[PDB]
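In the form deposited in one PDB entry, a lone chain appears below as structure tokens.
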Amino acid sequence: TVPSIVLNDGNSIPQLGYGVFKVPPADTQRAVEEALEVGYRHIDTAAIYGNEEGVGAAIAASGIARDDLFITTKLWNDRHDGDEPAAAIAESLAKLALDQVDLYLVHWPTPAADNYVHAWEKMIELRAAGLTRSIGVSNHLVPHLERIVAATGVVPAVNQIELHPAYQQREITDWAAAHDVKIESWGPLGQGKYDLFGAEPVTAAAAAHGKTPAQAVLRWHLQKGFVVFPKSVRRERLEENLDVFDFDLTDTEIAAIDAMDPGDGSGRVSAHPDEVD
């Protein structure tokens, strides 16, 4: 039924949602219509995904009240400077055809450009302007975090990062936990970049509960306190991935999955912030 988690700002976010990364813009409307139909209420898009349009149409097409929906969009890398943030969100808003998004994020820190503090400053402006209910960042390291916070005194609501069994970024989640910041896992199912489902601590928890391996992972994230939003273009999967409030892995089972993280950062499948310009 998807539980909702309380953010540091007093806003609630549905623990499981649907991501649109890699869904072609042209198929984006159907893709989202289905997800809404199936039962999903939290959509994760990005200006860079080029599909805010489909997302908006779908939402419009569906009969759901805005209140029951949670839209999240993101601020692209080339828009951190000056008042580009205000221009950026406004265009997203027009694409999505909404009055306001639920959450807005700084897509990447782009540390070489040294403009993330500035972008965060502006972010705080958009929230006060009512353009977005909450603000958070994505792909920010602990140093990035400490700085933006020390600089503004405004803690981000979330931090969306690459997170899965083989690469957990514990230093970040740990920090996030002490700072009342919620973690959003991206690429929660390894983005299909490695045999996650064949993983034995994975296969073991699956058969033990009669769930699929994909479902075992999600439940892992979920029990860890993470917000997840897997992507799939297949109805079956939307349904499968949505049915995970059933079981409950065991402490030991959770331990077994956790141990999949080598600790040398070798399980990473995507880009490291220090490489994204």
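What we label the rigid core is the largest C-alpha set whose atoms superpose within 1.5 Å from one form to the other. Start at 1 and count along the sequence shown; that's the residue number.
Same protein, other form: the form deposited in another entry, not shown, and the subject of what follows.
Only one candidate in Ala214, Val244, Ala46, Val227 has its Cα displaced by 2 Å or more between the shown form and the other one after core superposition: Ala46.
In the core-superposed comparison between the shown form and the other one, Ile257 has its Cα shifted by less than 2 Å. Taking the rigid core as fixed, one finds a CA shift for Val23 of 2 Å or more between the shown form and the other one. A shift of at least 3 angstroms pushes the Cα atoms of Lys22 and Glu162 further from each other in that other deposited form than in the displayed structure. In that other deposited form, the Cα atoms of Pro24 and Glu162 sit 3 Å or more farther from each other than they do here.
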